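Have a look at the structure below before the remarks.
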Amino acid sequence: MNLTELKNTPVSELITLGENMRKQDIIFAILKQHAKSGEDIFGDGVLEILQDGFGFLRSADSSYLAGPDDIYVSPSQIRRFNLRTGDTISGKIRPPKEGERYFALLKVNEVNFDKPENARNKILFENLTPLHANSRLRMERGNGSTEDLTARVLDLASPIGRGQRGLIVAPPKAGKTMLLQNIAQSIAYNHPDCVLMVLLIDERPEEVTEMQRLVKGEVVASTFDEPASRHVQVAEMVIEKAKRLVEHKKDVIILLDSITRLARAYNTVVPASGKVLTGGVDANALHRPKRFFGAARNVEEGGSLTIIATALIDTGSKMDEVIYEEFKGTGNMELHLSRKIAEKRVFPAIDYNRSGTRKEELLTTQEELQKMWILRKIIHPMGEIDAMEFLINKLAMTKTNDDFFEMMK
Amino acid sequence: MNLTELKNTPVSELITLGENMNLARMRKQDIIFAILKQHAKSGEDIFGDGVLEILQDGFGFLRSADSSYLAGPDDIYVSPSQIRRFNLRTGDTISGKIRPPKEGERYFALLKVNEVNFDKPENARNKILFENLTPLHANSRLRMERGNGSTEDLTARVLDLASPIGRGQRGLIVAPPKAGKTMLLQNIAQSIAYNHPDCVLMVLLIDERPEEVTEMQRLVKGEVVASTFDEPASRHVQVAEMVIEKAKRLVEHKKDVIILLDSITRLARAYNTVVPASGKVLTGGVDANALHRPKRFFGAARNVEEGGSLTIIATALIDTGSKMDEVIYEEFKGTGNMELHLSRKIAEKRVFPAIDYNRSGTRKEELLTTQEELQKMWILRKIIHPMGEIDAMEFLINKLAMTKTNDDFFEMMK
Amino acid sequence: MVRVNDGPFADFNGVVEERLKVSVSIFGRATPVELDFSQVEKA
RNA sequence: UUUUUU
Ligand SMILES: Nc1ncnc2c1ncn2[C@@H]1O[C@H](COP(=O)(O)OP(=O)(O)O)[C@@H](O)[C@H]1O
Ligand code: BEF
Ligand code: BEF
Ligand SMILES: [Mg+2]
Ligand SMILES: [Mg+2]
């Protein structure tokens, strides 16, 4: 008998189940009747601690925003297990008493899919020792797929490891979103062990539904129908949840689209400092988004936080150049996409020379790196379009990059 | 029996040592506190140390390196009378006997100061202040070339030829993001640890990647103070101020200090963040009064005739699309006297070190080179100038790779 | 015929025209490069 | 806000 399980089941099954004993009211009455029997009730959600010291368990069906079925978590419970915003909580609950408006948490069974006692003893995210990415996250399916081309080129141009802090940088309509979707598919197939989250900020609503029905993971969104205030709050919840999972030695990946628009939202809510950078960006506005992107890191103790976010350039607005260059000096991987290549309908429209990854020797074998190095020396003299036409025709001849390398010989 | 020595030792050895005098449940900080108190009960002396920071009220505390010289729980109170006695000032490394806090107190107190800047306390009363030291151009060359025929040594060798570094230099590794500035600073740090172990090496990391902090502290043989981009600008400023004052104190003791700063452009941005608005803003969004403080920070680096020096090699950013960084870079160029430029064009061809030879250089390089060494570098620059950026580096690296040292390379030129 | 086991041209074969002037058949463009005697191995 | 940023 769980609250979110009742919220998921269709109304028809709920009405039948309640007769055996608005939809929100069906669930409420069913839960109360089960409480009358003396049987236990259960609920769950991600914790959000308010300023007063108490918190609520937000639900995914409300994008982790305030919801009618939110579960109150008392301050004493938060202090007992050192809970912090982002902690996924599951436990026994009770309907609200007279003069109350919320379900209350009686006992916490699970904190971050683990024993509550262990959440008292753990090393905090702020204290984890950072590292450059060690373990390679290979995107190439190898299934000889035509979509796989995007993954294969990615592996050659800008490898991705666990804890990477990368950017898919390109002008509007260059292929950033679909490239992020290609990455999401590659992650679900090649790395089902990783905890995949897709954060969509200030982007098209149809892409939200396209992404949640396409990726095998969790999708949190805040479309351009929403104000900047909402974008910020939602992103903060998601990033804190990632940090908690990393404290449990998990390999989390966040595909963010778009991080440029998230930075704009921060610039919208930031207190005016009396100093404004070129493009209309407050001098203090990029500190918060910089810490958000900089969350991504490799941990020596165990686990990692990867963030692959899309960024905008050549928008005519200098603000986006500032944001992009600031994030480049924060991260360590950029896959550039060219409008010139995309207008010729050449996909993936990847600017090979501008793309790249820092310390890529930590993510590649000795000979793989030597082969990529040659390949770059060969592609550099070519034009943006010529480079991709050349590379895609050569890769299309084989199923995998390994066979392509063997052809180079 | 020293506080920081107890903080360094693992908890296992601390619990065993304390049981010899239940500690398993309590936090490590408590193990140290209880152990220190018990030793004080015996009448035996206790000791502590740290860098001084004087508050506005006239008293100070001894900050610790494990807190990046910020406020810490184990900070040692230094009474105003102690500061006046030995003319102590913020940055002074202090070592002395300490006592646990009494009832109504929250801090360890300093009984007697044994050592002020690794020297006798009386000598700190009598010294010439940093503001009064007579400045000079760099005299003593700090040669970076290992000579071990290493492939990393290439970066050092080219550096020696393009922009020599002397004691008291005020230099900049200028380049766009991902051109090789940080790794070039790491190469410099290695060369300093091997060729100049006498110099006091400090590595200040401001607003840069966190993995580089741990990479640097496990790589360089020196002290590493950091304030990553996870930190606000306020923290960057305060940390940098502590480090620069500590350097000045050591130079007052005729020491040759070197500060490898990455990045000084971001430090300048932090100053612009906390500076009071003047109602006048320069090109790129930089307050008209914002660069005075960072300019004094970079300008601290100088050669002293009386003895010792302060060198600062800091990285700067260009071609970021943000005019602010061009302003900061050009302002620092008119403050310093050495710039090693790195080219994004060379770096994209995977040619390292990606050094822009023509743009690099050092002022008054005749004070840092022999007569014939300077003549050979001069000829070499005349030959490299007509070449393109990339062609210049490919040519020079292929020629240098033929020999182990620059001296043999010069003998080949004949 | 000659084999290259050092640098980017490692794991490749070729022929010495005349330091050794050995070209490597890479992609669909010959890359003539000069390797030392130890940088390459006889075929 | 304008100017400055340009
Ligand atoms: N001397 C070098 N040899 C090989 N690779 C280098 C060298 N210098 C830089 N690189 C490559 O460039 C990348 C970024 O260099 P970095 O020093 O971080 O530049 P910046 O500090 O200007 O951002 C590194 O991850 C490294 O792969
Ligand atoms: F218009 Be695209 F999504 F940047
Ligand atoms: F991105 Be580099 F460190 F300037
Ligand atoms: Mg898009
Ligand atoms: Mg760097």
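Simple scheme: letters A, B, ... for chains in structure tokens order, numbers from 1 for residues in each chain, numbers from 1 for ligands in the order shown.
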
Let me have all residues with an atom within 7 Å of ligand 2, counting only C-alpha atoms (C1' of nucleotides) and all ligand atoms, laid out as a compact mmCIF listing (two decimals) with N, CA and C atoms, in the first residue's frame.
# COMPACT_ATOMS: atom_id res chain seq x y z
N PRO A 171 25.31 26.59 -32.67
CA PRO A 171 24.21 27.54 -32.89
C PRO A 171 22.87 26.82 -32.94
N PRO A 172 21.76 27.56 -32.84
CA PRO A 172 20.44 26.91 -32.94
C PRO A 172 20.31 26.12 -34.23
N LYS A 173 19.70 24.93 -34.10
CA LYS A 173 19.36 24.03 -35.20
C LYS A 173 20.59 23.34 -35.79
N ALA A 174 21.67 23.21 -35.02
CA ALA A 174 22.86 22.52 -35.50
C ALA A 174 22.86 21.03 -35.18
N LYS A 176 22.28 19.83 -31.58
CA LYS A 176 22.70 19.60 -30.20
C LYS A 176 21.76 18.64 -29.49
N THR A 177 20.46 18.91 -29.56
CA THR A 177 19.49 18.11 -28.82
C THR A 177 19.49 16.66 -29.28
N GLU A 203 13.52 24.70 -22.85
CA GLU A 203 13.53 24.19 -24.21
C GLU A 203 12.13 23.75 -24.61
N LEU A 312 24.87 27.36 -26.45
CA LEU A 312 24.54 28.10 -27.66
C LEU A 312 25.66 29.07 -27.99

Residues of region 247-407 of chain A in strand (DSSP E or B), written as a PyMOL selection string
chain A and resi 251-257+276-277+281-282+297-299+304-312+333-337+350-357

Store the residues of this selection in a file with N, CA and C atoms, as a compact mmCIF listing (two decimals), in the first residue's frame.
# COMPACT_ATOMS: atom_id res chain seq x y z
N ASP A 251 27.54 6.12 -10.13
CA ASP A 251 27.97 6.82 -11.34
C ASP A 251 26.75 7.47 -11.97
N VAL A 252 26.54 8.76 -11.68
CA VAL A 252 25.40 9.54 -12.16
C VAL A 252 25.81 10.29 -13.41
N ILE A 253 24.88 10.41 -14.37
CA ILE A 253 25.07 11.18 -15.59
C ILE A 253 23.86 12.09 -15.77
N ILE A 254 24.12 13.38 -16.00
CA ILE A 254 23.08 14.37 -16.21
C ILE A 254 23.27 14.95 -17.61
N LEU A 255 22.29 14.73 -18.48
CA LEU A 255 22.24 15.32 -19.81
C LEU A 255 21.37 16.57 -19.73
N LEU A 256 22.00 17.74 -19.78
CA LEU A 256 21.32 19.01 -19.57
C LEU A 256 21.15 19.75 -20.90
N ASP A 257 19.94 20.23 -21.15
CA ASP A 257 19.62 20.96 -22.38
C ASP A 257 18.52 21.96 -22.04
N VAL A 276 27.96 44.97 -14.64
CA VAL A 276 27.37 44.13 -15.67
C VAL A 276 28.42 43.87 -16.74
N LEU A 277 28.64 42.60 -17.03
CA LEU A 277 29.60 42.16 -18.03
C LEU A 277 29.05 42.40 -19.43
N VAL A 281 25.24 40.36 -18.76
CA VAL A 281 25.36 39.34 -17.72
C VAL A 281 25.92 40.00 -16.47
N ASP A 282 25.20 39.87 -15.36
CA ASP A 282 25.65 40.43 -14.09
C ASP A 282 27.00 39.84 -13.70
N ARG A 297 32.25 15.69 -11.60
CA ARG A 297 33.62 15.39 -11.20
C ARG A 297 33.77 13.89 -11.02
N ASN A 298 35.01 13.43 -11.12
CA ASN A 298 35.37 12.05 -10.80
C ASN A 298 35.83 11.98 -9.35
N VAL A 299 35.35 10.96 -8.64
CA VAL A 299 35.65 10.78 -7.23
C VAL A 299 36.55 9.56 -7.07
N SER A 304 30.93 8.75 -9.51
CA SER A 304 31.26 9.94 -10.28
C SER A 304 29.97 10.66 -10.65
N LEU A 305 30.12 11.93 -11.04
CA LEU A 305 29.03 12.75 -11.57
C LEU A 305 29.48 13.30 -12.91
N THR A 306 28.84 12.84 -13.98
CA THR A 306 29.06 13.32 -15.34
C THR A 306 27.96 14.30 -15.71
N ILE A 307 28.32 15.36 -16.43
CA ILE A 307 27.34 16.32 -16.93
C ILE A 307 27.68 16.64 -18.37
N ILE A 308 26.78 16.29 -19.29
CA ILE A 308 26.90 16.68 -20.68
C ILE A 308 25.77 17.65 -20.96
N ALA A 309 26.10 18.92 -21.14
CA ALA A 309 25.11 19.97 -21.33
C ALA A 309 25.32 20.67 -22.66
N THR A 310 24.22 21.14 -23.25
CA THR A 310 24.28 21.85 -24.52
C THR A 310 24.44 23.35 -24.28
N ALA A 311 25.19 24.01 -25.16
CA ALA A 311 25.41 25.44 -25.09
C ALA A 311 25.20 26.07 -26.46
N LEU A 312 24.87 27.36 -26.45
CA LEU A 312 24.54 28.10 -27.66
C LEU A 312 25.66 29.07 -27.99
N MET A 333 35.61 19.15 -21.86
CA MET A 333 35.18 18.44 -23.05
C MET A 333 34.19 19.30 -23.83
N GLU A 334 34.41 19.48 -25.12
CA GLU A 334 33.48 20.24 -25.95
C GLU A 334 33.35 19.54 -27.29
N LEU A 335 32.13 19.24 -27.67
CA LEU A 335 31.80 18.74 -29.00
C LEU A 335 31.09 19.89 -29.71
N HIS A 336 31.77 20.47 -30.70
CA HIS A 336 31.20 21.56 -31.46
C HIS A 336 30.42 21.03 -32.65
N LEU A 337 29.29 21.67 -32.93
CA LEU A 337 28.50 21.39 -34.11
C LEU A 337 28.39 22.65 -34.95
N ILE A 350 29.56 17.87 -37.09
CA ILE A 350 30.56 18.02 -36.03
C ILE A 350 31.75 18.81 -36.57
N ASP A 351 32.09 19.89 -35.87
CA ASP A 351 33.32 20.64 -36.13
C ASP A 351 34.45 19.90 -35.45
N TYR A 352 35.22 19.14 -36.24
CA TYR A 352 36.19 18.22 -35.66
C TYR A 352 37.32 18.97 -34.96
N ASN A 353 37.90 19.97 -35.64
CA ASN A 353 39.07 20.66 -35.09
C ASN A 353 38.76 21.33 -33.76
N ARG A 354 37.58 21.94 -33.64
CA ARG A 354 37.25 22.67 -32.42
C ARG A 354 36.87 21.74 -31.27
N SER A 355 36.35 20.55 -31.58
CA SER A 355 35.99 19.60 -30.54
C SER A 355 37.24 19.04 -29.85
N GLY A 356 37.03 18.35 -28.75
CA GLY A 356 38.13 17.72 -28.05
C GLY A 356 37.83 17.53 -26.58
N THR A 357 38.69 16.73 -25.94
CA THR A 357 38.60 16.41 -24.52
C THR A 357 39.96 16.60 -23.87

Just how far from CA of residue 174 (chain B) is CA of residue 315 (chain A), in Å to one decimal?
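Result for CA of residue 315 (chain A) versus CA of residue 174 (chain B): 27.9 Å, one decimal.
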
Could you list, as a PDB file with N, CA, C and O atoms (P, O5', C5', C4', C3', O3' and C1' of nucleotides), in the first residue's frame, every residue of chain D that has an atom within 10 Å of an atom of chain B, counting only C-alpha atoms (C1' of nucleotides)?
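In the end it all went to result20.pdb:
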ATOM      1  P     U D   3      23.786  54.682 -24.612  1.00  0.00           P
ATOM      2  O5'   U D   3      25.135  55.331 -24.097  1.00  0.00           O
ATOM      3  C5'   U D   3      25.425  56.672 -24.438  1.00  0.00           C
ATOM      4  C4'   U D   3      26.409  57.288 -23.487  1.00  0.00           C
ATOM      5  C3'   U D   3      27.702  56.527 -23.278  1.00  0.00           C
ATOM      6  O3'   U D   3      28.627  56.802 -24.308  1.00  0.00           O
ATOM      7  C1'   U D   3      26.840  57.230 -21.188  1.00  0.00           C
ATOM      8  P     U D   4      29.203  55.602 -25.198  1.00  0.00           P
ATOM      9  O5'   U D   4      30.127  54.798 -24.180  1.00  0.00           O
ATOM     10  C5'   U D   4      31.190  55.448 -23.513  1.00  0.00           C
ATOM     11  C4'   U D   4      31.624  54.664 -22.306  1.00  0.00           C
ATOM     12  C3'   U D   4      31.880  53.186 -22.542  1.00  0.00           C
ATOM     13  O3'   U D   4      33.128  52.934 -23.155  1.00  0.00           O
ATOM     14  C1'   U D   4      30.574  53.446 -20.595  1.00  0.00           C
ATOM     15  P     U D   5      33.153  52.262 -24.612  1.00  0.00           P
ATOM     16  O5'   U D   5      32.725  50.751 -24.311  1.00  0.00           O
ATOM     17  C5'   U D   5      33.410  50.022 -23.306  1.00  0.00           C
ATOM     18  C4'   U D   5      32.674  48.811 -22.765  1.00  0.00           C
ATOM     19  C3'   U D   5      32.202  47.757 -23.759  1.00  0.00           C
ATOM     20  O3'   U D   5      33.233  46.858 -24.124  1.00  0.00           O
ATOM     21  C1'   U D   5      30.476  48.233 -22.214  1.00  0.00           C
ATOM     22  P     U D   6      33.129  46.029 -25.495  1.00  0.00           P
ATOM     23  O5'   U D   6      32.802  47.161 -26.558  1.00  0.00           O
ATOM     24  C5'   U D   6      33.539  47.268 -27.767  1.00  0.00           C
ATOM     25  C4'   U D   6      32.938  48.312 -28.673  1.00  0.00           C
ATOM     26  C3'   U D   6      32.974  49.739 -28.127  1.00  0.00           C
ATOM     27  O3'   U D   6      33.121  50.667 -29.203  1.00  0.00           O
ATOM     28  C1'   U D   6      30.721  49.060 -28.433  1.00  0.00           C
TER      29        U D   6
END

Could you list, as a VMD selection string, all protein and nucleic acid residues with an atom at most 10 Å from ligand 3, counting only C-alpha atoms (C1' of nucleotides) and all ligand atoms?
(chain A and resid 325 to 332 358) or (chain B and resid 174 to 183 207 to 209 212 262 to 263 265 to 266 315 to 318 320)

May I ask which of the residues B:186, B:227, B:140, B:289 is the closest one to ligand 1, counting only C-alpha atoms and all ligand atoms?
B:186
